[PDB]
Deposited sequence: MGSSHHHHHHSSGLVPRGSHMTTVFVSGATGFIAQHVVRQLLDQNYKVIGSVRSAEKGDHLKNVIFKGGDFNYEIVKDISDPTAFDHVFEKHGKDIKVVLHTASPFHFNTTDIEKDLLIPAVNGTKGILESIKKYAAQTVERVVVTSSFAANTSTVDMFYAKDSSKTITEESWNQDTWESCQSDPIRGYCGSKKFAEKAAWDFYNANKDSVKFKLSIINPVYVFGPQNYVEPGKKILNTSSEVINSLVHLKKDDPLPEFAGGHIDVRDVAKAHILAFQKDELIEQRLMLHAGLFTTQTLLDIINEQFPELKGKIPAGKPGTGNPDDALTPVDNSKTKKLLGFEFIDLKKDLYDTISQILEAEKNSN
């Protein structure tokens, strides 16, 4: 059976990728940052699957994956690079440089040790590489519509102005470095590159250890009734669809060299609260109602059109109601 390497296999998205791979009986090697984490994955979370791990402690080290492909370079046909460096005042030193090292490094390892073996590389990017936050608020401007061809317009310099733009810029330049390496090495290496650009990722955890894997959801379910409502707005996507897209991206020829925008629709804090309160009557004594029916995302956000991605992937995404229901019902069951 074909071996698939998944970096950062303990992560929220990555565990769903490994789960869905093992559901299809792939042989999987995951990278983990410690032996303890790897043993937990192999002996507990993914017991029953053909799962092994390699220890890769620092994603920001550009040589971090050299040993993986020196030892396994004849076997790994598929690379799903979902890991990113840990997320300061020095945005350049602590975010931007680690990001470009953290994405291009594994591609260098493949070129050095497995150039004619790896067939497909899928890299987890972000909607942050499609648009800076500064450009996300041109409401109803169809000329501003963000698509898979859109790139974050901040520069290496201008994104260092604040930590939000800096983080978003780190995602932009990580993905750009992948493409620039790829286009400069397409003769030196066999693999074909594809990209996944998730928006805000919600959804249930693969394995439960009111603490969801989404900081947006966590903020909402920890709100007091009197509390100031935080400002959240953007696109949502269920982690299970994000993972499914990673797998289809290496299996189907039409997904080669695509940037696949994993985006199921728009939300604001108010639309999330409306759905949570509607789906969870049990929580109505705890969380605020806000002002139901207000905060229409179409009136807040630059339009987003990922019709191309949806047609290429060919399956309908989990909607926000089911996403939040599965996320929060898992959380409540875990409070037993």
Lining up the deposited sequence with the coordinates, I want the ranges that have no C-alpha atoms. 1-20, 108-109, 232-236, 364-366
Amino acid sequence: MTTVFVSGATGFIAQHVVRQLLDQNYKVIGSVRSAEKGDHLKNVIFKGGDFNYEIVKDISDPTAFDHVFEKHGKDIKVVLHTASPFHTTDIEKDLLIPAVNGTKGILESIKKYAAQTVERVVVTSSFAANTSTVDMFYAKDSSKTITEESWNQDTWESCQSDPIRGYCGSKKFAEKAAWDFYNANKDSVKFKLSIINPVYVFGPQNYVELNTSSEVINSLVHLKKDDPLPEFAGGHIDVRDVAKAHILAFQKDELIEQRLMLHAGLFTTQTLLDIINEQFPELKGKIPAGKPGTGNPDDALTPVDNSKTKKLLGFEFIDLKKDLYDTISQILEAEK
From here on, numbers count along this sequence of modelled residues.
Look up the CA B-factors in the entry and say which stretch, 219-227 or 108-116, has the higher mean. 219-227
Out of 97-105 and 181-189, which one has CA B-factors that are higher on average in the deposited record? 181-189
If I read the C-alpha B-factors straight from the PDB entry, which of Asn206, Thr82, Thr89, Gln153 is highest? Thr89
From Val32, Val304, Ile29, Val44, the top C-alpha temperature factor is at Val44
Where the record places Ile256 (Cα B-factor, split into thirds across the chain): middle
Relative to the other modelled residues of the same chain, rank the CA B-factor of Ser126 and answer lowest, middle or highest third. lowest
How does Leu210 rank on Cα B-factor within its chain, lowest, middle or highest third? highest
What third of the chain, by the recorded C-alpha B-factor, contains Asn52? middle
For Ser158, the third of its chain into which the C-alpha B factor falls: middle
